[PDB]
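Here we start with a single chain on its own, the form deposited in one PDB entry, put down as structure tokens.
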């Protein structure tokens, strides 16, 4: 039941459906380069932040972007169009009132046109064979937090920091090959260390927490720790590049 956790079993099985390729920059994309994905990813994140989108819109949109770039080569000039379309669909999948085509085009400085976004929506959805209900890191974070015996005050902060970490991963090339379970696990344990603002005071110790998550998502402890270390490293990079 709760001891078997049949839901966690289904989630790990479902997250093998919508997985992009580790190496589509060499194999599929001619004009697009890994540096260009960080650019459009950064733009897409800023858009979801201004429009106060739901948490998962941006990481889900990045999921769609990678899967499409794993299937069809995309011109440099049409990469932004692809990303605006991914936000469009992701907004529909997780937001009550989704982003309008009119606003996304404005966010491309009126580079793309609404009818083009709508037609790119059909190309996107059909290339993904309508496989749009992808497991999100959010789905796993919520499941992990339901097993953590922590004050709701504490969970809300762990949740916010984890969600932040998830966004940063979705901009880094290194994390395309990570399934949402792994990105969520790393985000959680990195969040419970608390940005080093003070010492951790957790009713479930960090040791037991990592070994629990490692057993649950079926990886060796040293492997999840390296993921935590990548995310915190990615945090250091995010902050250094923000200040220029």
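Basically, rigid core = biggest C-alpha set you can superpose within 1.5 Å across the two forms. Residue numbers count along the first chain shown, from 1.
Set 34 to 42 against 188 to 196 and average the Cα temperature factors; 188 to 196 ends up higher. Two stretches are in play, 171 to 179 and 46 to 54, and the higher mean C-alpha B-factor belongs to 171 to 179. When the C-alpha B-factors of 136, 119, 111, 126 are ranked from the entry, the top spot goes to 111. For residue 72, the recorded CA B-factor ranks within the middle third of the chain. Only modelled residues enter the ranking.
Among the modelled residues of its chain, residue 204 has a C-alpha B-factor that falls in the middle third, as given in the PDB entry.
Looking at the C-alpha B-factors along this chain, the one for residue 164 belongs to the lowest third. Split the chain's modelled residues into thirds by C-alpha temperature factor. Residue 227 is in the middle one. The deposited CA B-factor of residue 27 belongs to the highest third of values across its chain.
Keep in mind that the form deposited in another entry is missing from the display, and what follows is about it.
When the two forms are superposed on their rigid core between this form and the one not shown, the C-alpha shift of 2 Å or more among 190, 41, 209, 48 belongs solely to 209.
Relative to the superposed rigid core, residue 221 undergoes a CA displacement of at least 2 Å between this form and the one not shown.
The Cα-Cα distance between residue 155 and residue 195 is shortened by 3 Å or more in the other form relative to the form shown here. Between this form and the other one, the CA-CA gap for residue 179 and residue 200 widens by 3 Å or more, being larger in the other form.
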